[PDB]
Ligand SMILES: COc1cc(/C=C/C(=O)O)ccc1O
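Before any questions on binding or motion, here is one chain by itself as structure tokens, the form solved without the named molecule.
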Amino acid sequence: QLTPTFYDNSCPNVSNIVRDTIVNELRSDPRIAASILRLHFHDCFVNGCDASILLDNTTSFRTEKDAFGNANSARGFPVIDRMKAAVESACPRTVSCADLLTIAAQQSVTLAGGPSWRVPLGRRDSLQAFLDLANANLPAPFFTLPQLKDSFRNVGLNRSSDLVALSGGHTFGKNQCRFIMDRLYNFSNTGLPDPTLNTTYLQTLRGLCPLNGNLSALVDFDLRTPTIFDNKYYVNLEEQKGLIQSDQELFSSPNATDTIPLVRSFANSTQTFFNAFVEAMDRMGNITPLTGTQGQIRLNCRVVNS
């Protein structure tokens, strides 16, 4: 059983070391908090939160870093190496990369203005990476609501609240033009923009992402507060201003009878959202963890111990 007090005796300063690292990095890279939270999400959706995503290539297994959802998208790996080294110095061979990344995600959310809580701990590190599983398990922005629900249920999150609350991670961070080009110019081969995208916002996005333009150009997920972790993401959805298809479907999909009330509830109360986010975050963080003597306490998050 994972417990928030796991390192209270072996490494009481772990959370503070993680926080300090993120604070330092945020000065030069204001996007790092968002990037780290996403790394934890992509770690947990593939064989559970086991730091499998942090492993680099080997001749026996490919890295998840080359999965369609991670390649030229996932970032922050060097920062994780930095805090790991700092933690290893303070507490040699004690904190797993899986736990480190979980704490980092929580601290990132808090530093961005979100809720503060102690995450359950005790996870251990994987002995391999899972590229095929990552390609199969990570959701895509073009997924329909039924597909998004399927993706979450596939890893163990059955509740619509899990999906709606965790999608709140898009209250900050960046998204490449490539992922919304269809919504802007030719949605579902209709030759027209996605009708669920506010027409005024449509114009703005088309200006940032012109046809035949730089597909790697970055756009803010939350037009209200781009770098602050708050409930503004849901207010945008109510106005048809969700950035990607998967965001807006939570409010506009024909299958959204169960998600609409959640979207409204989170848009109406920061407290309601923050509570739901913590609850869902801990549930995602409890996905098939390695515990006890299973797996290892990886020393270098990029390679399995030898």
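Just count from 1 along the sequence shown to find any residue number.
The following text describes the form deposited with the named molecule bound, which does not appear among the structures shown.
The named molecule is not shown here, and in the entry with it bound it never comes within 4.5 Å of any heavy atom of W117. Put simply, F142 is close to the named molecule in the entry with it bound: some heavy atom of it is within 4.5 Å. Among heavy atoms of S160, none comes within 4.5 Å of the named molecule in the entry with it bound. Contact annotation for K241: none of its heavy atoms lies within 4.5 Å of the named molecule in the entry with it bound. For the options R206, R224, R93, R178, the one in contact with the named molecule in the entry with it bound, meaning a heavy atom within 4.5 Å, is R178. Contact with the named molecule, judged by heavy atoms within 4.5 Å in the entry with it bound, is confined among 67-75, 121-129, 186-194, 206-214 to 67-75.
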